$ cat protein_28.pdb   # PDB, N, CA and C atoms
MODEL        1
ATOM      1  N   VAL A   1       6.279  19.693  -5.147  1.00  0.00           N
ATOM      2  CA  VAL A   1       6.884  20.099  -3.846  1.00  0.00           C
ATOM      3  C   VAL A   1       6.638  19.029  -2.780  1.00  0.00           C
ATOM      4  N   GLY A   2       7.621  18.773  -1.910  1.00  0.00           N
ATOM      5  CA  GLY A   2       7.526  17.755  -0.855  1.00  0.00           C
ATOM      6  C   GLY A   2       7.954  16.360  -1.325  1.00  0.00           C
ATOM      7  N   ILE A   3       7.325  15.325  -0.759  1.00  0.00           N
ATOM      8  CA  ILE A   3       7.611  13.897  -1.006  1.00  0.00           C
ATOM      9  C   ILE A   3       6.309  13.108  -1.272  1.00  0.00           C
ATOM     10  N   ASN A   4       6.411  11.800  -1.539  1.00  0.00           N
ATOM     11  CA  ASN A   4       5.270  10.919  -1.825  1.00  0.00           C
ATOM     12  C   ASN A   4       5.297   9.671  -0.919  1.00  0.00           C
ATOM     13  N   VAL A   5       4.766   9.822   0.299  1.00  0.00           N
ATOM     14  CA  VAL A   5       4.748   8.803   1.371  1.00  0.00           C
ATOM     15  C   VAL A   5       3.386   8.851   2.075  1.00  0.00           C
ATOM     16  N   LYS A   6       2.845   7.713   2.531  1.00  0.00           N
ATOM     17  CA  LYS A   6       1.605   7.690   3.336  1.00  0.00           C
ATOM     18  C   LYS A   6       1.825   8.229   4.762  1.00  0.00           C
ATOM     19  N   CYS A   7       0.732   8.533   5.457  1.00  0.00           N
ATOM     20  CA  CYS A   7       0.721   8.950   6.863  1.00  0.00           C
ATOM     21  C   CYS A   7      -0.573   8.517   7.581  1.00  0.00           C
ATOM     22  N   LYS A   8      -0.533   8.497   8.922  1.00  0.00           N
ATOM     23  CA  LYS A   8      -1.610   7.985   9.799  1.00  0.00           C
ATOM     24  C   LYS A   8      -2.159   9.035  10.782  1.00  0.00           C
ATOM     25  N   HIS A   9      -1.405  10.114  11.028  1.00  0.00           N
ATOM     26  CA  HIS A   9      -1.777  11.237  11.904  1.00  0.00           C
ATOM     27  C   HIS A   9      -1.190  12.576  11.411  1.00  0.00           C
ATOM     28  N   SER A  10       0.110  12.818  11.646  1.00  0.00           N
ATOM     29  CA  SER A  10       0.834  14.069  11.324  1.00  0.00           C
ATOM     30  C   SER A  10       2.316  13.985  11.729  1.00  0.00           C
ATOM     31  N   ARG A  11       2.622  13.707  13.009  1.00  0.00           N
ATOM     32  CA  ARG A  11       4.008  13.544  13.513  1.00  0.00           C
ATOM     33  C   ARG A  11       4.806  12.447  12.798  1.00  0.00           C
ATOM     34  N   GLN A  12       4.130  11.426  12.266  1.00  0.00           N
ATOM     35  CA  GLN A  12       4.769  10.351  11.490  1.00  0.00           C
ATOM     36  C   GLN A  12       5.334  10.832  10.138  1.00  0.00           C
ATOM     37  N   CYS A  13       4.877  11.984   9.628  1.00  0.00           N
ATOM     38  CA  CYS A  13       5.403  12.632   8.421  1.00  0.00           C
ATOM     39  C   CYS A  13       6.638  13.516   8.706  1.00  0.00           C
ATOM     40  N   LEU A  14       6.810  14.037   9.930  1.00  0.00           N
ATOM     41  CA  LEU A  14       8.030  14.771  10.302  1.00  0.00           C
ATOM     42  C   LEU A  14       9.301  13.911  10.179  1.00  0.00           C
ATOM     43  N   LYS A  15       9.258  12.618  10.546  1.00  0.00           N
ATOM     44  CA  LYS A  15      10.375  11.666  10.348  1.00  0.00           C
ATOM     45  C   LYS A  15      10.910  11.678   8.897  1.00  0.00           C
ATOM     46  N   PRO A  16      10.117  11.295   7.869  1.00  0.00           N
ATOM     47  CA  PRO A  16      10.586  11.270   6.486  1.00  0.00           C
ATOM     48  C   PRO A  16      10.839  12.672   5.910  1.00  0.00           C
ATOM     49  N   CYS A  17      10.080  13.712   6.295  1.00  0.00           N
ATOM     50  CA  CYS A  17      10.359  15.082   5.839  1.00  0.00           C
ATOM     51  C   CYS A  17      11.732  15.601   6.292  1.00  0.00           C
ATOM     52  N   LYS A  18      12.061  15.462   7.584  1.00  0.00           N
ATOM     53  CA  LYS A  18      13.341  15.937   8.131  1.00  0.00           C
ATOM     54  C   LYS A  18      14.518  15.138   7.565  1.00  0.00           C
ATOM     55  N   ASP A  19      14.367  13.816   7.462  1.00  0.00           N
ATOM     56  CA  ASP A  19      15.380  12.914   6.896  1.00  0.00           C
ATOM     57  C   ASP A  19      15.605  13.122   5.381  1.00  0.00           C
ATOM     58  N   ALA A  20      14.572  13.528   4.631  1.00  0.00           N
ATOM     59  CA  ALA A  20      14.678  13.933   3.223  1.00  0.00           C
ATOM     60  C   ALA A  20      15.447  15.257   3.004  1.00  0.00           C
ATOM     61  N   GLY A  21      15.629  16.068   4.055  1.00  0.00           N
ATOM     62  CA  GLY A  21      16.342  17.353   4.016  1.00  0.00           C
ATOM     63  C   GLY A  21      15.433  18.594   3.987  1.00  0.00           C
ATOM     64  N   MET A  22      14.108  18.415   3.991  1.00  0.00           N
ATOM     65  CA  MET A  22      13.119  19.501   4.083  1.00  0.00           C
ATOM     66  C   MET A  22      12.970  20.022   5.528  1.00  0.00           C
ATOM     67  N   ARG A  23      12.284  21.166   5.699  1.00  0.00           N
ATOM     68  CA  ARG A  23      12.100  21.831   7.004  1.00  0.00           C
ATOM     69  C   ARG A  23      10.751  21.489   7.639  1.00  0.00           C
ATOM     70  N   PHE A  24       9.651  21.885   7.001  1.00  0.00           N
ATOM     71  CA  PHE A  24       8.300  21.548   7.456  1.00  0.00           C
ATOM     72  C   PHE A  24       7.957  20.081   7.159  1.00  0.00           C
ATOM     73  N   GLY A  25       6.959  19.558   7.874  1.00  0.00           N
ATOM     74  CA  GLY A  25       6.386  18.235   7.628  1.00  0.00           C
ATOM     75  C   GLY A  25       5.015  18.072   8.280  1.00  0.00           C
ATOM     76  N   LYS A  26       3.997  17.707   7.492  1.00  0.00           N
ATOM     77  CA  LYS A  26       2.645  17.387   7.983  1.00  0.00           C
ATOM     78  C   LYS A  26       1.899  16.420   7.060  1.00  0.00           C
ATOM     79  N   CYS A  27       0.958  15.666   7.622  1.00  0.00           N
ATOM     80  CA  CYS A  27       0.014  14.848   6.858  1.00  0.00           C
ATOM     81  C   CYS A  27      -1.091  15.749   6.264  1.00  0.00           C
ATOM     82  N   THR A  28      -1.211  15.786   4.933  1.00  0.00           N
ATOM     83  CA  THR A  28      -2.236  16.541   4.184  1.00  0.00           C
ATOM     84  C   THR A  28      -2.732  15.720   2.992  1.00  0.00           C
ATOM     85  N   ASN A  29      -3.997  15.870   2.590  1.00  0.00           N
ATOM     86  CA  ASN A  29      -4.605  15.098   1.491  1.00  0.00           C
ATOM     87  C   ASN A  29      -4.394  13.556   1.598  1.00  0.00           C
ATOM     88  N   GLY A  30      -4.252  13.027   2.823  1.00  0.00           N
ATOM     89  CA  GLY A  30      -3.947  11.614   3.107  1.00  0.00           C
ATOM     90  C   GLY A  30      -2.499  11.172   2.813  1.00  0.00           C
ATOM     91  N   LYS A  31      -1.557  12.118   2.695  1.00  0.00           N
ATOM     92  CA  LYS A  31      -0.148  11.910   2.308  1.00  0.00           C
ATOM     93  C   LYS A  31       0.797  12.859   3.044  1.00  0.00           C
ATOM     94  N   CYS A  32       2.061  12.477   3.134  1.00  0.00           N
ATOM     95  CA  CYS A  32       3.088  13.301   3.750  1.00  0.00           C
ATOM     96  C   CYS A  32       3.470  14.476   2.832  1.00  0.00           C
ATOM     97  N   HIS A  33       3.470  15.685   3.387  1.00  0.00           N
ATOM     98  CA  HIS A  33       3.819  16.938   2.722  1.00  0.00           C
ATOM     99  C   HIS A  33       4.939  17.622   3.504  1.00  0.00           C
ATOM    100  N   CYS A  34       5.935  18.110   2.772  1.00  0.00           N
ATOM    101  CA  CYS A  34       7.082  18.851   3.286  1.00  0.00           C
ATOM    102  C   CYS A  34       7.310  20.104   2.425  1.00  0.00           C
ATOM    103  N   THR A  35       8.084  21.060   2.933  1.00  0.00           N
ATOM    104  CA  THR A  35       8.452  22.292   2.208  1.00  0.00           C
ATOM    105  C   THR A  35       9.871  22.748   2.584  1.00  0.00           C
ATOM    106  N   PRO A  36      10.553  23.514   1.706  1.00  0.00           N
ATOM    107  CA  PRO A  36      11.916  23.991   1.943  1.00  0.00           C
ATOM    108  C   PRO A  36      11.967  25.067   3.042  1.00  0.00           C
ATOM    109  N   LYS A  37      13.179  25.344   3.542  1.00  0.00           N
ATOM    110  CA  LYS A  37      13.443  26.387   4.547  1.00  0.00           C
ATOM    111  C   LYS A  37      13.163  27.819   4.046  1.00  0.00           C
TER     112      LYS A  37
ENDMDL
END
$ encode --input "protein_28.pdb" --output "structure tokens"
Amino acid sequence: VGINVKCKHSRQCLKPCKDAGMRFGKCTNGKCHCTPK
């Protein structure tokens, strides 16, 4: 579930999550995490 991209805070993961077509986006486990609507 989600994508496989690095992150530095949290808001920087919303960019690739929203552009990938997912709804949620946050930095977790040192990586970008997204989930469906």
$ residues_around --input "protein_28.pdb" --residues "range 2-6 of chain A" --least-positions-apart "5" --cutoff "7 Å" --atoms "only C-alpha atoms" --output "PyMOL selection string"
chain A and resi 30-35
$ select_by_dssp --input "protein_28.pdb" --residues "chain A" --states "strand (DSSP E or B)" --output "ChimeraX atom specification"
/A:6,24-28,31-35
$ atom_distance --input "protein_28.pdb" --atom1 "atom N of residue 37 in chain A" --atom2 "CA of residue 24 in chain A"
7.3 Å
$ atom_distance --input "protein_28.pdb" --atom1 "atom C of residue 12 in chain A" --atom2 "atom C of residue 29 in chain A"
13.2 Å
$ resolve_selection --input "protein_28.pdb" --expression "the PyMOL selection byres (((chain A and resi 10 and name CA) around 9) and name CA)" --output "list in words"
residues 7, 8, 9, 11, 12, 13, 14, 25, 26, 27, 28 and 32 of chain A
$ atom_distance --input "protein_28.pdb" --atom1 "atom N of residue 1 in chain A" --atom2 "CA of residue 15 in chain A"
17.9 Å
$ axis_aligned_box --input "protein_28.pdb" --around "range 15-30 of chain A" --padding-each-side "8 Å" --output "JSON"
{"center_x": 5.9, "center_y": 16.5, "center_z": 6.0, "size_x": 36.9, "size_y": 26.7, "size_z": 25.1}
$ select_by_dssp --input "protein_28.pdb" --residues "chain A" --states "helix (DSSP H, G or I)" --output "list in words"
residues 11, 12, 13, 14, 15, 16, 17, 18, 19 and 20 of chain A
$ decode --input "protein_28.pdb" --residues "chain A" --atoms "N, CA and C atoms" --output "PDB file, in the first residue's frame"
ATOM      1  N   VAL A   1       0.849  -1.226   0.000  1.00  0.00           N
ATOM      2  CA  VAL A   1       0.000   0.000   0.000  1.00  0.00           C
ATOM      3  C   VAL A   1       0.871   1.258   0.000  1.00  0.00           C
ATOM      4  N   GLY A   2       0.465   2.300  -0.732  1.00  0.00           N
ATOM      5  CA  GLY A   2       1.218   3.558  -0.841  1.00  0.00           C
ATOM      6  C   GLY A   2       2.268   3.536  -1.958  1.00  0.00           C
ATOM      7  N   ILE A   3       3.376   4.251  -1.743  1.00  0.00           N
ATOM      8  CA  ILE A   3       4.492   4.429  -2.696  1.00  0.00           C
ATOM      9  C   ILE A   3       5.854   4.186  -2.008  1.00  0.00           C
ATOM     10  N   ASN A   4       6.961   4.286  -2.756  1.00  0.00           N
ATOM     11  CA  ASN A   4       8.325   4.072  -2.252  1.00  0.00           C
ATOM     12  C   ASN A   4       9.236   5.265  -2.607  1.00  0.00           C
ATOM     13  N   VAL A   5       9.184   6.309  -1.773  1.00  0.00           N
ATOM     14  CA  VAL A   5       9.896   7.594  -1.943  1.00  0.00           C
ATOM     15  C   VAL A   5      10.424   8.050  -0.577  1.00  0.00           C
ATOM     16  N   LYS A   6      11.594   8.700  -0.512  1.00  0.00           N
ATOM     17  CA  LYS A   6      12.107   9.289   0.743  1.00  0.00           C
ATOM     18  C   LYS A   6      11.317  10.543   1.164  1.00  0.00           C
ATOM     19  N   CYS A   7      11.493  10.965   2.414  1.00  0.00           N
ATOM     20  CA  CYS A   7      10.926  12.196   2.972  1.00  0.00           C
ATOM     21  C   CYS A   7      11.828  12.801   4.065  1.00  0.00           C
ATOM     22  N   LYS A   8      11.618  14.092   4.366  1.00  0.00           N
ATOM     23  CA  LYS A   8      12.455  14.902   5.279  1.00  0.00           C
ATOM     24  C   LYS A   8      11.680  15.485   6.476  1.00  0.00           C
ATOM     25  N   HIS A   9      10.346  15.552   6.382  1.00  0.00           N
ATOM     26  CA  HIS A   9       9.438  16.040   7.432  1.00  0.00           C
ATOM     27  C   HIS A   9       8.079  15.309   7.408  1.00  0.00           C
ATOM     28  N   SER A  10       7.189  15.664   6.468  1.00  0.00           N
ATOM     29  CA  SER A  10       5.811  15.140   6.332  1.00  0.00           C
ATOM     30  C   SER A  10       5.082  15.768   5.132  1.00  0.00           C
ATOM     31  N   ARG A  11       4.970  17.107   5.073  1.00  0.00           N
ATOM     32  CA  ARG A  11       4.340  17.837   3.944  1.00  0.00           C
ATOM     33  C   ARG A  11       4.990  17.559   2.583  1.00  0.00           C
ATOM     34  N   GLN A  12       6.280  17.216   2.563  1.00  0.00           N
ATOM     35  CA  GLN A  12       6.999  16.849   1.332  1.00  0.00           C
ATOM     36  C   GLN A  12       6.517  15.519   0.720  1.00  0.00           C
ATOM     37  N   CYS A  13       5.840  14.665   1.501  1.00  0.00           N
ATOM     38  CA  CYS A  13       5.212  13.423   1.034  1.00  0.00           C
ATOM     39  C   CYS A  13       3.799  13.649   0.452  1.00  0.00           C
ATOM     40  N   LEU A  14       3.079  14.707   0.854  1.00  0.00           N
ATOM     41  CA  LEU A  14       1.788  15.053   0.239  1.00  0.00           C
ATOM     42  C   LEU A  14       1.908  15.348  -1.268  1.00  0.00           C
ATOM     43  N   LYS A  15       2.976  16.028  -1.721  1.00  0.00           N
ATOM     44  CA  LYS A  15       3.263  16.252  -3.156  1.00  0.00           C
ATOM     45  C   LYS A  15       3.211  14.944  -3.980  1.00  0.00           C
ATOM     46  N   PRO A  16       4.092  13.945  -3.739  1.00  0.00           N
ATOM     47  CA  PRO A  16       4.093  12.701  -4.505  1.00  0.00           C
ATOM     48  C   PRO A  16       2.860  11.826  -4.235  1.00  0.00           C
ATOM     49  N   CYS A  17       2.291  11.810  -3.018  1.00  0.00           N
ATOM     50  CA  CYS A  17       1.054  11.061  -2.754  1.00  0.00           C
ATOM     51  C   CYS A  17      -0.143  11.563  -3.576  1.00  0.00           C
ATOM     52  N   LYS A  18      -0.388  12.881  -3.590  1.00  0.00           N
ATOM     53  CA  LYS A  18      -1.515  13.469  -4.328  1.00  0.00           C
ATOM     54  C   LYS A  18      -1.332  13.312  -5.840  1.00  0.00           C
ATOM     55  N   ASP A  19      -0.112  13.535  -6.335  1.00  0.00           N
ATOM     56  CA  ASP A  19       0.240  13.380  -7.753  1.00  0.00           C
ATOM     57  C   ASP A  19       0.186  11.913  -8.241  1.00  0.00           C
ATOM     58  N   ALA A  20       0.470  10.938  -7.366  1.00  0.00           N
ATOM     59  CA  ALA A  20       0.288   9.506  -7.634  1.00  0.00           C
ATOM     60  C   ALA A  20      -1.191   9.067  -7.749  1.00  0.00           C
ATOM     61  N   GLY A  21      -2.136   9.886  -7.269  1.00  0.00           N
ATOM     62  CA  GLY A  21      -3.581   9.621  -7.307  1.00  0.00           C
ATOM     63  C   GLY A  21      -4.183   9.137  -5.977  1.00  0.00           C
ATOM     64  N   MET A  22      -3.371   8.990  -4.925  1.00  0.00           N
ATOM     65  CA  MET A  22      -3.820   8.648  -3.565  1.00  0.00           C
ATOM     66  C   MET A  22      -4.414   9.869  -2.832  1.00  0.00           C
ATOM     67  N   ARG A  23      -5.075   9.633  -1.685  1.00  0.00           N
ATOM     68  CA  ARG A  23      -5.753  10.679  -0.893  1.00  0.00           C
ATOM     69  C   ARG A  23      -4.888  11.172   0.268  1.00  0.00           C
ATOM     70  N   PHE A  24      -4.580  10.297   1.223  1.00  0.00           N
ATOM     71  CA  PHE A  24      -3.689  10.618   2.342  1.00  0.00           C
ATOM     72  C   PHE A  24      -2.221  10.664   1.896  1.00  0.00           C
ATOM     73  N   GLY A  25      -1.388  11.334   2.695  1.00  0.00           N
ATOM     74  CA  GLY A  25       0.063  11.357   2.524  1.00  0.00           C
ATOM     75  C   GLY A  25       0.785  11.818   3.789  1.00  0.00           C
ATOM     76  N   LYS A  26       1.725  11.009   4.291  1.00  0.00           N
ATOM     77  CA  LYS A  26       2.595  11.360   5.427  1.00  0.00           C
ATOM     78  C   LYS A  26       3.934  10.620   5.391  1.00  0.00           C
ATOM     79  N   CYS A  27       4.959  11.211   5.999  1.00  0.00           N
ATOM     80  CA  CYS A  27       6.245  10.554   6.240  1.00  0.00           C
ATOM     81  C   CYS A  27       6.118   9.589   7.439  1.00  0.00           C
ATOM     82  N   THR A  28       6.352   8.292   7.217  1.00  0.00           N
ATOM     83  CA  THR A  28       6.334   7.228   8.242  1.00  0.00           C
ATOM     84  C   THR A  28       7.466   6.231   7.990  1.00  0.00           C
ATOM     85  N   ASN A  29       8.030   5.620   9.035  1.00  0.00           N
ATOM     86  CA  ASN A  29       9.161   4.681   8.925  1.00  0.00           C
ATOM     87  C   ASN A  29      10.355   5.215   8.074  1.00  0.00           C
ATOM     88  N   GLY A  30      10.546   6.543   8.028  1.00  0.00           N
ATOM     89  CA  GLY A  30      11.557   7.226   7.201  1.00  0.00           C
ATOM     90  C   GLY A  30      11.259   7.276   5.689  1.00  0.00           C
ATOM     91  N   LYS A  31      10.001   7.058   5.281  1.00  0.00           N
ATOM     92  CA  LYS A  31       9.537   6.952   3.885  1.00  0.00           C
ATOM     93  C   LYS A  31       8.142   7.548   3.695  1.00  0.00           C
ATOM     94  N   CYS A  32       7.825   7.922   2.465  1.00  0.00           N
ATOM     95  CA  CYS A  32       6.516   8.448   2.118  1.00  0.00           C
ATOM     96  C   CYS A  32       5.465   7.324   2.088  1.00  0.00           C
ATOM     97  N   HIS A  33       4.347   7.540   2.776  1.00  0.00           N
ATOM     98  CA  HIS A  33       3.207   6.631   2.874  1.00  0.00           C
ATOM     99  C   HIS A  33       1.946   7.367   2.426  1.00  0.00           C
ATOM    100  N   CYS A  34       1.146   6.689   1.608  1.00  0.00           N
ATOM    101  CA  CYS A  34      -0.137   7.158   1.094  1.00  0.00           C
ATOM    102  C   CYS A  34      -1.187   6.045   1.245  1.00  0.00           C
ATOM    103  N   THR A  35      -2.466   6.396   1.147  1.00  0.00           N
ATOM    104  CA  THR A  35      -3.589   5.440   1.203  1.00  0.00           C
ATOM    105  C   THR A  35      -4.743   5.891   0.293  1.00  0.00           C
ATOM    106  N   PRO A  36      -5.600   4.956  -0.169  1.00  0.00           N
ATOM    107  CA  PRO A  36      -6.722   5.261  -1.057  1.00  0.00           C
ATOM    108  C   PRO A  36      -7.836   6.038  -0.332  1.00  0.00           C
ATOM    109  N   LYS A  37      -8.752   6.623  -1.115  1.00  0.00           N
ATOM    110  CA  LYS A  37      -9.929   7.350  -0.611  1.00  0.00           C
ATOM    111  C   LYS A  37     -10.935   6.459   0.147  1.00  0.00           C
TER     112      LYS A  37
END
